[PDB]
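*Asks:* no sequence on this one, just coordinates:
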Ligand SMILES: O=C(O)CCCC(=O)Nc1ccc(/C=C/c2ccccc2)cc1
């Protein structure tokens, strides 16, 4: 097998910018190198074949170069639609082999998260479960921390976090945090807090409810 | 106008065989080209499995040749993948693709991908819980409501919303495995002057279990 390596897996750039993504092969592949775009929904599109030739339909701001073992994809005048993962592939021998891909994030103005907390539902409690939930919606940059406090005491165990993909239109991220305990644990304590710590603010954003209300 | 789409079961038990079909339209699988099976495992690492050429010639990735078989039905313009003795390692997104038969070796059309899960776990419908603000939680300009879809298997699940105003931003959070089972959630934001005045309900479909539930959101 020819091993294909993309040394950079993550890339963050601004609209209009020019980005270069590099690909390296374990042996000489004589320019039989192709480039593909995988959108977050999994759809895959051919961009460039044989190092530098454009596949039909592809905008001219995509271009490629290289020889021997080293190859590069260049995307200039970077577009909001280009949020994707970009894969290379050697076309010289079987099995056809692919690079690990480079993910591309489009930069955006910093935005603080709109935070919301919800108590366990009527129905869930009857089932004997109790999930407290927190949405931290429409923020940038992605990096963010959530802290749960039950009656003021921090809770690390039994918490599930889930980030969305970068929003394809506005470039924001959203995240849900979910604390799951038993009904009896839940009913032993009064206050439940959700604390968001993000670059946009020096002090955390705090939302909570009290059961005695 | 060439199109490929893969189909077949989304859940297979360990040690059994995985079977998939790729249906080709707008082009004939006998005219030219090679017809490929590929797969992408957890961690985004893409792997070629094999092809059947337009002339019936077949080749396989050496890592899989012991367990794999690709066939075609030129009558239905379909080609098929069978992979035997599957384990959890064979859990992946499976793709079909058309490529050059040699020359530049480029895959010019791809199917959208189908997800196959290899587990002995049982197919379970989801519990659907409403997410409404607490009673003393007086708000402002708009209101965020949600649904919690917990304790189902396998993936996937679709959450759709109905409210009344087309100023609804929806977010769908990817599912996570909570001790054998999946949990996900979805949020919707509507103006505060439309809720609780206008009814808001979420719809949760789970095709594996062929179930659909609707939760109305209550203040
Ligand atoms: O073994 C050799 O060196 C040459 C054998 C001739 C041959 O089949 N070449 C050849 C055949 C098929 C491909 C397919 C590439 C591909 C790439 C991406 C997606 C789907 C398919 C690429 C090259």
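*Replies:* Ah, there it is. Numbering: from 1, shown residues only, chains lettered A, B, ... in the order given.
*Asks:* ok, which stretches of chain A are helices?
*Replies:* For chain A, the helices defined by DSSP state H occupy A:122-126, A:183-186.
*Asks:* Number of residues surrounding residue A:119?
*Replies:* Look at residue A:119: counted by other CB atoms under 10 Å in any protein chain shown, it has 22 neighbours. For the C-beta atoms, the positions are set from N, CA and C on the backbone; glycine is no exception.
*Asks:* That one reaches residue A:132, doesn't it?
*Replies:* Yes - at 6.3 Å, residue A:119 and residue A:132 qualify as touching, with contact defined as CB atoms under 8 Å.
*Asks:* Kindly point out which residues are neighbours of both of those two.
*Replies:* Common neighbours of residue A:119 and residue A:132, using CB atoms under 8 Å, 6 or more residues apart in numbering or on different chains, are residue A:192.
*Asks:* follow-up on the earlier one: which one of the helices of chain A lies nearest to chain B?
*Replies:* helix A:122-126 (4.8 Å; CB to the nearest CB).
*Asks:* Just confirm yes or no for the closest one near chain B.
*Replies:* Yes - Helix A:122-126 reaches chain B (CB under 8 Å from any CB of the partner chain) through A:123-124.
*Asks:* packing partners for that helix?
*Replies:* Helix A:122-126 sits against strand B:127-131, with contacts defined as 3 or more CB pairs under 8 Å, 6 or more residues apart in numbering or on different chains; DSSP states H and E.
*Asks:* Please parse chain A into its domains.
*Replies:* Chain A breaks down into these domains under curated CATH domains: A:1-107, A:108-211.
*Asks:* how long is the first one from one end to the other?
*Replies:* Yep, that's domain A:1-107 we're talking about. End-to-end distance of domain A:1-107 (CA to CA, to the nearest Å): 37 Å.
*Asks:* need the helices of chain A in TSV with mean neighbour count and distance to residue B:14, can you?
*Replies:* Below are the helices of chain A laid out as TSV (neighbours: other CB atoms under 10 Å in any protein chain shown; distance: least, CB to CB, whole Å):
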stretch	mean neighbour count	distance to residue B:14
helix A:122-126	14	33
helix A:183-186	14	35
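*Asks:* Who are the contact partners of residue B:15?
*Replies:* Residue B:15 sits next to B:85-87 when contact means CB under 8 Å, 6+ apart.
*Asks:* ok, back up a step: looking at the domains of chain A, which is closest to the ligand?
*Replies:* domain A:1-107 (3.6 Å; CB to the nearest ligand atom).
*Asks:* Can you pull the residues of chain A lying near the ligand?
*Replies:* Within chain A, the positions lying close to the ligand (CB under 6 Å from any ligand atom) are A:89, A:91, A:93-94, A:96.
*Asks:* does the most centrally placed residue in chain B have beta-bridge partners, and which?
*Replies:* In chain B, the C-alpha nearest the mean C-alpha coordinate belongs to residue B:115, at 4.8 Å (CA atoms, centre = their mean). Counting by DSSP bridges, residue B:115 forms beta bridges with residue B:93.
*Asks:* re the thing from before, in ChimeraX, how would I select just the buried ones from the residues of chain A next to the ligand?
*Replies:* Buried subset of the residues of chain A next to the ligand, written as a ChimeraX selection, criterion 16 or more other CB atoms under 10 Å in any protein chain shown:
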select /A:89,91,94,96
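*Asks:* from the residues of chain A next to the ligand, which is closest to chain B?
*Replies:* Nearest to chain B among the residues of chain A next to the ligand: residue A:91, at 2.7 Å, using CB to the nearest CB.
*Asks:* Show the contacting residues for residue B:18.
*Replies:* Contacts of residue B:18 (CB under 8 Å, 6+ apart): B:8-9, B:12, B:81-83, B:86, B:90, B:116, B:118.
*Asks:* Phi and psi next, for it.
*Replies:* Torsion angles at residue B:18 (phi, psi; degrees, to the nearest 10) stand at phi -100, psi 130.
*Asks:* domain assignment for chain B?
*Replies:* Split by curated CATH domains, chain B gives B:1-120, B:121-219.
*Asks:* Leaving out sequence neighbours, find the closest residue to the residue most central in space within chain A.
*Replies:* Centroid-nearest residue in chain A: residue A:165, 4.5 Å away (criterion: CA atoms, centre = their mean). Spatially, and ignoring its direct neighbours in sequence, residue A:165 is nearest to residue A:40 (4.4 Å; CB to CB, 6 or more residues apart in numbering or on different chains).
*Asks:* who's in contact with the one you found?
*Replies:* Counting by CB under 8 Å, 6+ apart, residue A:40 has contacts A:83-85, A:165-166, A:168.
*Asks:* And the residues you listed, which is closest to residue B:44?
*Replies:* When the contacts of residue A:40 are ranked by distance to residue B:44 (CB to CB), residue A:85 comes first, at 6.9 Å.
*Asks:* so the closest one bridges to which residues?
*Replies:* Beta-bridge partners, per DSSP bridges, of residue A:85: residue A:38, residue A:103.
*Asks:* Same question for the one 4 residues further on.
*Replies:* Here residue A:89 sits in beta bridges with residue A:34, residue A:98, as judged by DSSP bridges.
*Asks:* So it is in contact with residue A:101, correct?
*Replies:* No - the pair residue A:89 / residue A:101 is not scored as a contact, 10.6 Å apart, by CB under 8 Å.
*Asks:* list the contacts for residue 69?
*Replies:* Defaulting to chain A. With CB under 8 Å, 6+ apart, residue A:69 has these contacts: A:24-29.
*Asks:* nope, chain B please
*Replies:* Residue B:69 sits next to B:81-84 when contact means CB under 8 Å, 6+ apart.
*Asks:* In CSV: those residues, plus distance to residue B:189.
*Replies:* Converted to CSV, the contacts of residue B:69 look like this (distance: CB to CB, whole Å):
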residue, distance to residue B:189
B:81, 42
B:82, 46
B:83, 43
B:84, 48
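*Asks:* which of the contacts of residue A:40 count as buried?
*Replies:* Buried subset of the contacts of residue A:40 (neighbour count, 16+ other CB under 10 Å): A:83-85, A:166.
*Asks:* picking up where we left off before, take the domains of chain B and lay them out in TSV including distance to residue A:4.
*Replies:* Shown next, in TSV, are those (distance: least, CB to CB, whole Å):
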stretch	distance to residue A:4
domain B:1-120	10
domain B:121-219	27
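*Asks:* that older thread, which pair in the contacts of residue A:40 spans the largest distance?
*Replies:* A:85 and A:168 (13.2 Å).
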